[PDB]
Amino acid sequence: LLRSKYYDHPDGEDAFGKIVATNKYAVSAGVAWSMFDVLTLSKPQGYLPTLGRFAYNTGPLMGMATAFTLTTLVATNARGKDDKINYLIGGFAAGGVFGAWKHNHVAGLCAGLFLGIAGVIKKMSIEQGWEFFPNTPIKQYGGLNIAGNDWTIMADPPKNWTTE
Amino acid sequence: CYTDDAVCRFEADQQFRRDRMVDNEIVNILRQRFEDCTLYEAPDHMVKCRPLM
Amino acid sequence: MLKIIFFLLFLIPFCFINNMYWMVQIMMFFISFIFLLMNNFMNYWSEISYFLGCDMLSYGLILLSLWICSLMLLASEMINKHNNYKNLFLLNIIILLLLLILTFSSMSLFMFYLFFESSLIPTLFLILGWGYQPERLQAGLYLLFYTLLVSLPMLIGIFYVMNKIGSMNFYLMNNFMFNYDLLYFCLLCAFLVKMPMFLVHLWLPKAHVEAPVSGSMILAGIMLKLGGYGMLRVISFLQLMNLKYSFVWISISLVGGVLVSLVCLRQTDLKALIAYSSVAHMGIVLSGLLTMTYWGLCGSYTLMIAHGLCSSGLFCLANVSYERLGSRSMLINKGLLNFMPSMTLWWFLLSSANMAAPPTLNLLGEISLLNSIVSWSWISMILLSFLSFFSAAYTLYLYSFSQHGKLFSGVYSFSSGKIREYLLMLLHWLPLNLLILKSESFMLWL
Amino acid sequence: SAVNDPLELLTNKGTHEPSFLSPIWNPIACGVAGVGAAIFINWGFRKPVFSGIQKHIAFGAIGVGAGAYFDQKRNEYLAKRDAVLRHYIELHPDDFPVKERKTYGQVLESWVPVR
Amino acid sequence: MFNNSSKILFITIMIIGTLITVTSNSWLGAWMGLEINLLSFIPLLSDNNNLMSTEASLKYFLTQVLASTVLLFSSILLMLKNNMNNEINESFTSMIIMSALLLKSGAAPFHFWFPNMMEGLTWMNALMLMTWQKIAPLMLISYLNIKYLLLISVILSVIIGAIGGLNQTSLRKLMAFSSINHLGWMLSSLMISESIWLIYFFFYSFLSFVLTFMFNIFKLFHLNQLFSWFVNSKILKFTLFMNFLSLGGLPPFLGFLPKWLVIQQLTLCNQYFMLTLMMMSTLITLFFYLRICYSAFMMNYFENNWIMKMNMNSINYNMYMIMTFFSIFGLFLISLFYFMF
Amino acid sequence: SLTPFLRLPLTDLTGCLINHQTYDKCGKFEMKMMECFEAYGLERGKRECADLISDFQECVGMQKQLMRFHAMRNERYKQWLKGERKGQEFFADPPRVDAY
Amino acid sequence: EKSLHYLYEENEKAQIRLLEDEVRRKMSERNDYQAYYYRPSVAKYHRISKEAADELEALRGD
C-alpha cells in the first residue's frame, strides 16, 4: 500500500495510491527541507516548536500534494478526456492552496502558473513516452588507448586463461 | 533515387525550382495574352477573350 | 567566402596605429564595393570555402552588415573628437562585423549559433563603454540575460537535431521534419526574443536608449535580423508543429504591434520612440514569417533589409539632436525646421521610410507581408488596418513634434549641420530607393 | 550502390583530397598564438610590443613544433579510432546489418499542407 | 607560498598522496593516500601572519577527518557485505561512500564548510584547495554507479552555488561559491563520461590558475578593492578582466569549450532536463562575474589618487600573461585538440 | 577489485596490500574470479561472470553457512519453547575435542 | 557542382556520424570492445602475490 506509485494505474483508476504516492513525495521533500531549516535559519529551542516547524513546513506541502491530486482526479473524471489541461487545473489548484499558507492571493496564482506549466510538461512526458532523468545509454569509462595506458614497473606473470 | 542520397535531392530540387519558374512564366504569359485581348478588343472583350480566359 | 573575412582580419592591425580612424571606414566602404561586385548568388549555397558559403539571404544580410558598420564608423565622430578609446572602438567594430559576416555566411546551424552568441559581447562592450547614461548597466544586463536565458536551451535543441539527423548543414536538415513541442520551443524562442515580440521586448527600449549611437545602429540594424535569419533557417524543418502553434505567436505579435504603436504616441524620447518603432515593424515581420508562404518569406526578407537601414537612419537623426540640444527629450526637440532646415529633408525622408513610402523598399516589403497575413485569415484585416494606420499615426508624430512648431526657449548656442552628417543620412536613404531597382535580388532568395 | 553496407561507410576509398589549410593550419595558428602571447607579455610589462624579438621567435618556433607534433598525434588518434570502428563493425555482423536502400517512390509520408 | 623549501616538500608529498589516492585499486589504499594528502595539506593553509588561517585549518581537519572516517567505515562495511571492492547491485553502503566523498569534495548538501573556510585564506592555498584537493575525492566518485545522489548533488550545486554567491562581496567566498557551481558541472559530466570530466576539470583548473593569479599578485580580496586597483592603461585592465567572461562560458573566449562539450555529451546521452536546470542556474554565475566586471568594462573611474605606480611580481605575472592570452584566444586551438573523441 | 583511473608507478605498492592469494582457505576461488575479470573486464564481469563471484563471497564472506547454522539453532530453540524437545536430550551428542 | 560535391561530402559525413553513434551505443550497452566503455580490471597484483607466496614456501626452513 505504501509502495504504490503514481503511474502504476491510469488516470482516474484509483485514488488512494495516487494520494499515498504524491503525499509521500511531499513528506520526503518537507522533511528534507525541514532538516536543513531548523538547524540553519530560525533555529527553535525545545521539543514543541521544533515539531511545530516540522509540521508547518511539511503539512502544507502535503496539502498542496493532495489538493493537486484531488482536483486532477476531479477534472479527469468530470469528462471523458484525459489531457494536459487537467494537470493545468491541478497545478492552479495546488498554487492556490500554497497561496493560502502564504496568505497572499498574488502568491497563490503566481505559483499556480508555474505548477500548471510543470503539470503540462509532465503530462507531455507521460503522453509522448520520454523520461526526465533517463539512464545513460552511453557512459565513456575512458578514452582511447585504454589498454596501452598501463605505465607500471612490475612485470606481469603469465596468465591462467587463454582465448583458445 | 534513394533516400540516403543527397546528390539526387539537390538535382531534383533544382529542376523542380526551374520547372516552377517556367510554369510561373507559362501562367504569366497566358495572363498577358488575356490583358492584350482586353486592350486590343476594347468594346468587344466579352466574346473574344473567353477561350483565353 | 574568405576574401571578406581575411580583409577584416588584416584590417584588424589598423586600429593600433595612431591617427588611423578614418582609413578604416574607407577600407570598409571599399570592401562593401567589392562585396557589391561578388554577386553571382542563387537560392542555393555558392562560393563554398570549407565551412563558409553564401546564398541570396546571406548575401543581403552580409551586405547590410557591411553597410551598417561602414556607416557606424561614419556616425561616431564623437569618439574621434574626444580622446575616447578609438583603437578599442575600431577593434570592437571590426570584430563585431567579422562575427556578423561569419554568422551570416555559416553553412551550418552550429557555427551560426557560435558566432551568433559571440556577437553579443562586442554589443555589450559598446553599450557599457561608449554610452552616455547612468543606466548602461541596466541596458546591457537586460540584453545579455534575456538573450542568454532563451538561447541556452536552443543549444540542447541544436544537438538534439544533430543526434536525430547526423549533420549540421542547412540543406540536409531541410529534408527532415520533427514532431516535438519542446524542440520547437527551444529552436524558436531564442529567435522570438532576438526579434521583438510584445511580451519579450523589454531588453529593446531599455537597451536602445542607454547605448551609444553605434549600439543603436548595431542593435536596430542587424541584431534584430539575427533572429529573423535564424527563424528562416529553422522553420523549414518544423513546419507541422509551427502550423499547430503559430496562431498564438501571430496573434500576440499583431495585438502587440497595435499596442506598441499605441505606446509610441505616449513616448517623450526620440531614441525610445524609434526603439518601440522597431517592435511594430518586426511584429509584422514575425506575423508574416509563420504563415510559411513564398510571399511571407520574401516580404519578410525584404522588410528586414529595408528596416535595418531606416531604423538606423532614424537613430542617426536622434543622435544629431542629442549632440546639440543636450537631451533626447521630445519636449526639448521642437521646431528644428528653424534650427536645421536642411536636416528636415532627411528627417522626413527617413520617417516616411519607416511607414509606407512611395519609392522605398519598405513598401515592397510591407505589401508582400500583408498579402500573406490577409491570405492567412480574414480576421487579420481588422488588425492589420489598425496597425498600419497607427504606424503612421505615431511615426508622423516624431517628425511633426521634433521638426515643426515654436522653438524651445532657453536653448544655448550649438553648432550647425555638417557634411559628414548629410552624407551619413544620405547613405541611409538612397539604398532604400536604389534597391527597388534590382529588387528581384533583395526579395527572391528562394 | 543499392545497399547501405555499414563496412563501406567507414572504409577509406582514398578519393578524399585534404585541403590546403589542413596540414598547415595548426602550426601557423600556434605560431601566431605564440607571437601574440609574446606581444601580450610585452604589453603587460609596459615594454614596446616588438621589443625583444627573440622571445617572439622562440614562442613561434615552440608553437610550430608543438602544433606539428600534436597534429601528427591527432591524425594517428583518428586513424586508430577508424580502425576500432571498422573492427567492431567486422566483429559483430548481426547488430549492424546491411540495409536495403529505399527509393522515395516506395515511401509515402506526410506532406505538411501550408494553407 | 614559497617562503620555505619545506612548503615545496609539503607540495610534492601532497601530490604524491593524491596520486596514491587516484591510483589505488582498493578502497583502503585510497584512504591511505587521503590521509597522506591530509597530512601534507594541514601545514599549508596555516601561517603565522594570518589569524584566521589556523582556525580554518581546524575546520579543514574536522571536515576531512569526519569525511575520511565515514569513508573508511562504509568501505569496510562494503568489504564485510561483499568481499570484492566492487558491488553487483548498488545499495546503501555505496550511498554512504558517495556521501563521504561529497563531504570531501564540497557538494552543496555538504558544502557549508567551503566558503566559511575560504573567508580567511590567501589566494595560493585557495588555488591548491579548489583545484588539487578536488582531485582526490572526485576521481573516486567515478567508481560508483548510483544516479540519484549525483542528480541531487548536481541540482543542489548549480542552484545553491549560484544564488549563494550573490550576497558575497569578498572575492574569496565568491570564488568558492563559483567553484561550487563549477563542481556541479563536473559531477554532471561524471555520470556520462570519465574523459569529458577531465576536459572540464583541466580547463576549469586552467581558468582557476589564471583568475586567482590576478588576485594573488596584486593582493585583491574585495569587490571595492577592484575599483581602487591602479592599472597604468585602462585598456589593459579591460583586457585582463575578460577571464571572468571566459570562465562564465561565453562563446568567443575559452571556457565556452568545456561547458559546450558537456552540453554536447549530455544531449547525446538523452539528459535534457538536468542540463536546462544547470544552464538556467549558470546565468547567476555570470551575473556575479559581471558584477566584478563593473570595475573594468567602463573606461574611466573615480580612482583614488595616492597610488600612481603599479607594483607586481615579474615571474608570476610573466606566467600570468601567457595564460590570459589562451583564456580568451584559446578557441583557435580546437583544430589541434584530439582528446574530445 | 577496483580499476584505478590512472596506471602510474604508484599503484605498484598499494595493489598487493590486501588479497586472498597469500595462503587462505579459498584464494584459488578468488583467482578463478580475478582472471575472469581479466577476460571480460570489470563491467562485463559483473554480468557474464556471476557464478564465480558468488562462490568466493560464499567462501570468505561465510553468509549462507552462518545463516544455515542460525536456522538450525533457532529451530532447536523454537522446538524447546514449543515443548517438543526438553530435558537432557535438548543437545545432541557432542563432537570430539580434536574432531575438527 | 561545388555545392553537389559539398552536399555529398556532408551527407556521407552524416551517415558515418550516425553509424558511429550506433556503434558507440551498442558498445556501451554490452561493454564488449576494449577501446571505449571498458574498465580494465587486471589480476597482475594477485598473480604477483601468488608467485611471491609460492616463492616463500621454498624459503621456509632452518
# chains A, B, ... in the order shown; residues from 1 in each chain; ligands from 1

call {"tool": "closest_atom_pairs", "arguments": {"of": "chain E", "to": "chain C", "cutoff": "9 Å", "atoms": "only C-alpha atoms", "output": "Markdown table"}}
result
| residue | atom | partner | partner_atom | distance |
| --- | --- | --- | --- | --- |
| E:235 | CA | C:88 | CA | 7.7 |
| E:250 | CA | C:118 | CA | 7.2 |
| E:251 | CA | C:118 | CA | 5.2 |
| E:252 | CA | C:118 | CA | 5.2 |
| E:253 | CA | C:118 | CA | 8.7 |
| E:260 | CA | C:155 | CA | 8.8 |
| E:263 | CA | C:156 | CA | 6.9 |
| E:264 | CA | C:159 | CA | 6.4 |
| E:266 | CA | C:156 | CA | 8.8 |
| E:267 | CA | C:156 | CA | 6.2 |
| E:268 | CA | C:163 | CA | 6.3 |
| E:270 | CA | C:160 | CA | 8.5 |
| E:272 | CA | C:156 | CA | 7.0 |
| E:275 | CA | C:156 | CA | 8.0 |
| E:276 | CA | C:153 | CA | 6.4 |
| E:279 | CA | C:152 | CA | 6.7 |
| E:280 | CA | C:149 | CA | 6.6 |
| E:283 | CA | C:145 | CA | 7.2 |
| E:287 | CA | C:141 | CA | 8.3 |
| E:290 | CA | C:141 | CA | 8.8 |
| E:294 | CA | C:137 | CA | 8.4 |
| E:297 | CA | C:129 | CA | 6.3 |
| E:298 | CA | C:129 | CA | 5.0 |
| E:299 | CA | C:129 | CA | 6.1 |

call {"tool": "closest_atom_pairs", "arguments": {"of": "chain D", "to": "chain B", "cutoff": "6 Å", "atoms": "only C-alpha atoms", "output": "JSON lines"}}
result
{"residue": "D:102", "atom": "CA", "partner": "B:2", "partner_atom": "CA", "distance": 5.2}
{"residue": "D:103", "atom": "CA", "partner": "B:2", "partner_atom": "CA", "distance": 3.9}
{"residue": "D:104", "atom": "CA", "partner": "B:3", "partner_atom": "CA", "distance": 5.9}

call {"tool": "write_last_selection", "arguments": {"atoms": "N, CA, C and O atoms", "output": "mmCIF file, in the first residue's frame"}}
result
data_model
loop_
_atom_site.group_PDB
_atom_site.id
_atom_site.type_symbol
_atom_site.label_atom_id
_atom_site.label_comp_id
_atom_site.auth_asym_id
_atom_site.auth_seq_id
_atom_site.Cartn_x
_atom_site.Cartn_y
_atom_site.Cartn_z
ATOM 1 N N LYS D 102 16.133 2.482 -50.024
ATOM 2 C CA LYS D 102 14.726 2.611 -50.467
ATOM 3 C C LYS D 102 14.581 3.871 -51.312
ATOM 4 O O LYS D 102 15.055 4.904 -50.881
ATOM 5 N N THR D 103 13.968 3.771 -52.482
ATOM 6 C CA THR D 103 13.731 4.942 -53.354
ATOM 7 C C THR D 103 12.644 5.777 -52.692
ATOM 8 O O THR D 103 11.977 5.243 -51.823
ATOM 9 N N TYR D 104 12.527 7.052 -53.031
ATOM 10 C CA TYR D 104 11.445 7.893 -52.463
ATOM 11 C C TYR D 104 10.143 7.261 -52.915
ATOM 12 O O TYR D 104 9.191 7.265 -52.142
#

call {"tool": "closest_atom_pairs", "arguments": {"of": "chain D", "to": "chain E", "cutoff": "8 Å", "atoms": "only C-alpha atoms", "output": "JSON lines"}}
result
{"residue": "D:26", "atom": "CA", "partner": "E:336", "partner_atom": "CA", "distance": 5.9}
{"residue": "D:29", "atom": "CA", "partner": "E:332", "partner_atom": "CA", "distance": 7.2}
{"residue": "D:30", "atom": "CA", "partner": "E:333", "partner_atom": "CA", "distance": 7.5}
{"residue": "D:33", "atom": "CA", "partner": "E:329", "partner_atom": "CA", "distance": 7.9}
{"residue": "D:36", "atom": "CA", "partner": "E:325", "partner_atom": "CA", "distance": 7.7}
{"residue": "D:37", "atom": "CA", "partner": "E:322", "partner_atom": "CA", "distance": 5.6}
{"residue": "D:38", "atom": "CA", "partner": "E:322", "partner_atom": "CA", "distance": 7.8}
{"residue": "D:40", "atom": "CA", "partner": "E:321", "partner_atom": "CA", "distance": 6.4}
{"residue": "D:41", "atom": "CA", "partner": "E:321", "partner_atom": "CA", "distance": 5.5}
{"residue": "D:44", "atom": "CA", "partner": "E:321", "partner_atom": "CA", "distance": 7.1}
{"residue": "D:67", "atom": "CA", "partner": "E:336", "partner_atom": "CA", "distance": 6.8}
{"residue": "D:70", "atom": "CA", "partner": "E:336", "partner_atom": "CA", "distance": 6.7}
{"residue": "D:71", "atom": "CA", "partner": "E:336", "partner_atom": "CA", "distance": 5.9}
{"residue": "D:74", "atom": "CA", "partner": "E:338", "partner_atom": "CA", "distance": 5.4}
{"residue": "D:77", "atom": "CA", "partner": "E:338", "partner_atom": "CA", "distance": 7.3}

call {"tool": "interface_residues", "arguments": {"of": "chain D", "to": "chain C", "cutoff": "9 Å", "atoms": "only C-alpha atoms", "output": "MDAnalysis selection string"}}
result
chainID D and resid 19 112:115

call {"tool": "interface_residues", "arguments": {"of": "chain A", "to": "chain F", "cutoff": "10 Å", "atoms": "only C-alpha atoms", "output": "list in words"}}
result
residues 141, 142, 146, 148, 149, 150, 151, 152, 153, 154, 159, 160, 161, 162 and 163 of chain A

call {"tool": "write_last_selection", "arguments": {"atoms": "N, CA and C atoms", "output": "mmCIF file, in the first residue's frame"}}
result
data_model
loop_
_atom_site.group_PDB
_atom_site.id
_atom_site.type_symbol
_atom_site.label_atom_id
_atom_site.label_comp_id
_atom_site.auth_asym_id
_atom_site.auth_seq_id
_atom_site.Cartn_x
_atom_site.Cartn_y
_atom_site.Cartn_z
ATOM 1 N N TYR A 141 33.741 5.149 -20.075
ATOM 2 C CA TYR A 141 34.548 4.805 -18.912
ATOM 3 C C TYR A 141 35.980 5.293 -19.067
ATOM 4 N N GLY A 142 36.430 5.489 -20.301
ATOM 5 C CA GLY A 142 37.736 6.062 -20.562
ATOM 6 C C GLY A 142 37.876 6.356 -22.037
ATOM 7 N N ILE A 146 43.162 2.712 -24.014
ATOM 8 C CA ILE A 146 42.920 2.436 -22.604
ATOM 9 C C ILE A 146 43.657 1.179 -22.145
ATOM 10 N N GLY A 148 46.835 0.466 -23.541
ATOM 11 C CA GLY A 148 48.213 0.893 -23.621
ATOM 12 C C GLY A 148 48.602 1.987 -22.654
ATOM 13 N N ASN A 149 47.713 2.360 -21.736
ATOM 14 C CA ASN A 149 47.991 3.391 -20.747
ATOM 15 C C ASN A 149 48.553 2.824 -19.449
ATOM 16 N N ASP A 150 48.853 1.528 -19.411
ATOM 17 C CA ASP A 150 49.357 0.871 -18.206
ATOM 18 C C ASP A 150 50.847 1.159 -18.076
ATOM 19 N N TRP A 151 51.176 2.217 -17.334
ATOM 20 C CA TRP A 151 52.567 2.584 -17.068
ATOM 21 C C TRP A 151 52.948 2.045 -15.692
ATOM 22 N N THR A 152 53.187 0.738 -15.630
ATOM 23 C CA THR A 152 53.561 0.075 -14.391
ATOM 24 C C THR A 152 54.934 -0.569 -14.539
ATOM 25 N N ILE A 153 55.685 -0.588 -13.437
ATOM 26 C CA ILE A 153 57.045 -1.113 -13.475
ATOM 27 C C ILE A 153 57.060 -2.622 -13.243
ATOM 28 N N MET A 154 56.055 -3.154 -12.545
ATOM 29 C CA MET A 154 56.029 -4.572 -12.200
ATOM 30 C C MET A 154 55.762 -5.434 -13.427
ATOM 31 N N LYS A 159 49.401 -15.385 -17.546
ATOM 32 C CA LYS A 159 48.009 -15.541 -17.160
ATOM 33 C C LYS A 159 47.592 -17.009 -17.183
ATOM 34 N N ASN A 160 46.534 -17.306 -16.434
ATOM 35 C CA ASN A 160 45.980 -18.649 -16.355
ATOM 36 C C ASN A 160 44.803 -18.862 -17.296
ATOM 37 N N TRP A 161 44.478 -17.884 -18.138
ATOM 38 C CA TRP A 161 43.376 -18.003 -19.079
ATOM 39 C C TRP A 161 43.869 -17.737 -20.496
ATOM 40 N N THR A 162 43.286 -18.456 -21.450
ATOM 41 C CA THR A 162 43.562 -18.278 -22.868
ATOM 42 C C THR A 162 42.262 -18.005 -23.612
ATOM 43 N N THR A 163 42.398 -17.630 -24.881
ATOM 44 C CA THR A 163 41.259 -17.423 -25.764
ATOM 45 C C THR A 163 41.024 -18.603 -26.698
#

call {"tool": "closest_residue", "arguments": {"among": "D:99, D:81, D:46, D:73", "to": "chain G", "atoms": "only C-alpha atoms"}}
result
D:81

call {"tool": "closest_residue", "arguments": {"among": "C:231, C:411, C:73, C:68", "to": "residue 431 of chain C", "atoms": "only C-alpha atoms"}}
result
C:68

call {"tool": "interface_residues", "arguments": {"of": "chain D", "to": "chain A", "cutoff": "12 Å", "atoms": "only C-alpha atoms", "output": "list in words"}}
result
residues 74, 76, 77, 78, 79, 80, 81, 82, 83, 84 and 85 of chain D

call {"tool": "closest_atom_pairs", "arguments": {"of": "chain G", "to": "chain F", "cutoff": "7 Å", "atoms": "only C-alpha atoms", "output": "JSON lines"}}
result
{"residue": "G:31", "atom": "CA", "partner": "F:44", "partner_atom": "CA", "distance": 6.0}
{"residue": "G:38", "atom": "CA", "partner": "F:41", "partner_atom": "CA", "distance": 6.7}
{"residue": "G:39", "atom": "CA", "partner": "F:42", "partner_atom": "CA", "distance": 5.4}
{"residue": "G:40", "atom": "CA", "partner": "F:41", "partner_atom": "CA", "distance": 5.2}
{"residue": "G:41", "atom": "CA", "partner": "F:41", "partner_atom": "CA", "distance": 5.3}
{"residue": "G:42", "atom": "CA", "partner": "F:38", "partner_atom": "CA", "distance": 5.3}
{"residue": "G:43", "atom": "CA", "partner": "F:34", "partner_atom": "CA", "distance": 5.7}
{"residue": "G:45", "atom": "CA", "partner": "F:16", "partner_atom": "CA", "distance": 5.3}
{"residue": "G:46", "atom": "CA", "partner": "F:21", "partner_atom": "CA", "distance": 6.2}
{"residue": "G:49", "atom": "CA", "partner": "F:21", "partner_atom": "CA", "distance": 6.1}
{"residue": "G:50", "atom": "CA", "partner": "F:21", "partner_atom": "CA", "distance": 5.1}
{"residue": "G:53", "atom": "CA", "partner": "F:22", "partner_atom": "CA", "distance": 5.6}

call {"tool": "write_last_selection", "arguments": {"atoms": "N, CA, C and O atoms", "output": "tab-separated table (two decimals), in the first residue's frame"}}
result
chain	number	residue	atom	x	y	z
G	31	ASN	N	29.49	-3.37	-23.13
G	31	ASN	CA	30.88	-3.23	-22.66
G	31	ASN	C	31.78	-4.32	-23.25
G	31	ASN	O	32.56	-4.96	-22.54
G	38	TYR	N	34.97	0.40	-21.41
G	38	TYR	CA	35.61	-0.81	-20.91
G	38	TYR	C	36.48	-0.44	-19.72
G	38	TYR	O	37.35	0.43	-19.82
G	39	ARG	N	36.23	-1.09	-18.59
G	39	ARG	CA	37.02	-0.86	-17.39
G	39	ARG	C	38.03	-1.99	-17.26
G	39	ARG	O	37.64	-3.12	-16.94
G	40	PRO	N	39.32	-1.75	-17.50
G	40	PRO	CA	40.30	-2.84	-17.47
G	40	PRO	C	40.65	-3.26	-16.05
G	40	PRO	O	41.38	-2.57	-15.34
G	41	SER	N	40.11	-4.40	-15.64
G	41	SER	CA	40.44	-4.99	-14.35
G	41	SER	C	41.53	-6.02	-14.56
G	41	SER	O	41.36	-6.97	-15.34
G	42	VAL	N	42.66	-5.84	-13.88
G	42	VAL	CA	43.82	-6.70	-14.06
G	42	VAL	C	44.10	-7.43	-12.75
G	42	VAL	O	43.92	-6.88	-11.66
G	43	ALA	N	44.49	-8.70	-12.88
G	43	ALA	CA	44.94	-9.50	-11.75
G	43	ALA	C	46.45	-9.68	-11.75
G	43	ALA	O	46.94	-10.76	-11.40
G	45	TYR	N	48.53	-7.93	-9.85
G	45	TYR	CA	48.95	-7.89	-8.45
G	45	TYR	C	48.61	-9.17	-7.72
G	45	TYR	O	49.38	-9.62	-6.85
G	46	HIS	N	47.48	-9.80	-8.05
G	46	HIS	CA	47.12	-11.09	-7.46
G	46	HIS	C	48.09	-12.19	-7.90
G	46	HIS	O	48.50	-13.02	-7.09
G	49	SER	N	51.38	-11.59	-6.07
G	49	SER	CA	51.30	-12.03	-4.68
G	49	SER	C	51.27	-13.55	-4.57
G	49	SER	O	51.85	-14.12	-3.64
G	50	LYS	N	50.62	-14.23	-5.53
G	50	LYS	CA	50.61	-15.69	-5.54
G	50	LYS	C	51.99	-16.25	-5.86
G	50	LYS	O	52.42	-17.25	-5.28
G	53	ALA	N	54.05	-15.76	-2.70
G	53	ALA	CA	53.68	-16.75	-1.69
G	53	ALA	C	54.16	-18.15	-2.07
G	53	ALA	O	54.46	-18.96	-1.18

call {"tool": "interface_residues", "arguments": {"of": "chain A", "to": "chain E", "cutoff": "7 Å", "atoms": "only C-alpha atoms", "output": "ChimeraX atom specification"}}
result
/A:132-134,136-143

call {"tool": "atom_distance", "arguments": {"atom1": "atom CA of residue 12 of chain G", "atom2": "atom CA of residue 15 of chain D"}}
result
12.7 Å

call {"tool": "closest_atom_pairs", "arguments": {"of": "chain B", "to": "chain C", "cutoff": "9 Å", "atoms": "only C-alpha atoms", "output": "tab-separated table"}}
result
residue	atom	partner	partner_atom	distance
B:6	CA	C:172	CA	7.6
B:9	CA	C:175	CA	8.9
B:10	CA	C:171	CA	8.7
B:14	CA	C:44	CA	8.9
B:17	CA	C:446	CA	8.8

call {"tool": "write_last_selection", "arguments": {"atoms": "N, CA and C atoms", "output": "compact mmCIF listing (two decimals), in the first residue's frame"}}
result
# COMPACT_ATOMS: atom_id res chain seq x y z
N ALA B 6 21.91 12.38 -51.15
CA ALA B 6 21.63 13.80 -51.21
C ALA B 6 22.09 14.45 -52.51
N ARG B 9 18.73 14.62 -54.46
CA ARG B 9 17.80 15.59 -53.87
C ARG B 9 18.11 17.02 -54.30
N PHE B 10 19.40 17.36 -54.42
CA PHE B 10 19.78 18.68 -54.89
C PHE B 10 19.42 18.88 -56.36
N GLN B 14 16.56 21.32 -57.78
CA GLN B 14 16.90 22.39 -58.72
C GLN B 14 16.04 22.33 -59.97
N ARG B 17 12.62 23.66 -58.93
CA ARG B 17 12.63 25.13 -58.91
C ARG B 17 12.62 25.71 -60.32

call {"tool": "closest_residue", "arguments": {"among": "E:18, E:168, E:6, E:26", "to": "chain G", "atoms": "only C-alpha atoms"}}
result
E:26

call {"tool": "residues_around", "arguments": {"residues": "residue 39 of chain E", "least_positions_apart": "5", "cutoff": "9 Å", "atoms": "only C-alpha atoms", "output": "number ranges by chain"}}
result
E: 10, 13-14, 34

call {"tool": "write_last_selection", "arguments": {"atoms": "N, CA and C atoms", "output": "PDB file, in the first residue's frame"}}
result
ATOM      1  N   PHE E  10      56.081  19.874   1.237  1.00  0.00           N
ATOM      2  CA  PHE E  10      54.683  19.538   1.507  1.00  0.00           C
ATOM      3  C   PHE E  10      53.866  19.478   0.220  1.00  0.00           C
ATOM      4  N   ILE E  13      54.742  16.118  -1.468  1.00  0.00           N
ATOM      5  CA  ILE E  13      54.145  14.969  -0.781  1.00  0.00           C
ATOM      6  C   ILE E  13      52.611  14.984  -0.894  1.00  0.00           C
ATOM      7  N   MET E  14      51.970  16.156  -0.997  1.00  0.00           N
ATOM      8  CA  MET E  14      50.528  16.155  -1.244  1.00  0.00           C
ATOM      9  C   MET E  14      50.205  15.740  -2.679  1.00  0.00           C
ATOM     10  N   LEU E  34      44.505   9.383   1.000  1.00  0.00           N
ATOM     11  CA  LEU E  34      43.743  10.515   1.522  1.00  0.00           C
ATOM     12  C   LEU E  34      44.359  11.048   2.808  1.00  0.00           C
TER      13      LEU E  34
END

call {"tool": "interface_residues", "arguments": {"of": "chain G", "to": "chain C", "cutoff": "12 Å", "atoms": "only C-alpha atoms", "output": "number ranges by chain"}}
result
G: 1-22

call {"tool": "decode", "arguments": {"residues": "segment 72-81 of chain A", "atoms": "N, CA, C and O atoms", "output": "short mmCIF file (atom, residue, chain, number, x, y, z; two decimals), in the first residue's frame"}}
result
data_model
loop_
_atom_site.label_atom_id
_atom_site.label_comp_id
_atom_site.auth_asym_id
_atom_site.auth_seq_id
_atom_site.Cartn_x
_atom_site.Cartn_y
_atom_site.Cartn_z
N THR A 72 -6.99 17.02 -9.85
CA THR A 72 -6.64 16.30 -11.07
C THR A 72 -7.59 15.13 -11.31
O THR A 72 -8.06 14.93 -12.44
N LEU A 73 -7.94 14.39 -10.25
CA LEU A 73 -8.90 13.30 -10.38
C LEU A 73 -10.30 13.82 -10.70
O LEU A 73 -11.04 13.19 -11.47
N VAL A 74 -10.68 14.96 -10.12
CA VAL A 74 -11.98 15.57 -10.40
C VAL A 74 -12.06 16.04 -11.85
O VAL A 74 -13.06 15.79 -12.54
N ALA A 75 -11.00 16.69 -12.35
CA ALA A 75 -11.00 17.14 -13.74
C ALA A 75 -10.90 15.98 -14.72
O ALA A 75 -11.39 16.08 -15.85
N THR A 76 -10.27 14.87 -14.32
CA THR A 76 -10.21 13.70 -15.19
C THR A 76 -11.55 12.97 -15.24
O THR A 76 -12.01 12.59 -16.33
N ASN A 77 -12.21 12.79 -14.09
CA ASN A 77 -13.45 12.03 -14.05
C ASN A 77 -14.69 12.87 -14.34
O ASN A 77 -15.78 12.31 -14.49
N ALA A 78 -14.55 14.20 -14.44
CA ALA A 78 -15.70 15.04 -14.75
C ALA A 78 -16.07 14.95 -16.23
O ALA A 78 -17.21 15.26 -16.60
N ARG A 79 -15.14 14.54 -17.08
CA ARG A 79 -15.36 14.40 -18.51
C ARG A 79 -14.74 13.09 -18.98
O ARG A 79 -14.26 12.28 -18.18
N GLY A 80 -14.76 12.88 -20.30
CA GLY A 80 -14.14 11.69 -20.86
C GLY A 80 -12.72 11.89 -21.35
O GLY A 80 -12.04 10.90 -21.64
N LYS A 81 -12.26 13.13 -21.43
CA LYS A 81 -10.93 13.43 -21.95
C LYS A 81 -9.88 13.32 -20.86
O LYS A 81 -10.11 13.70 -19.71
#
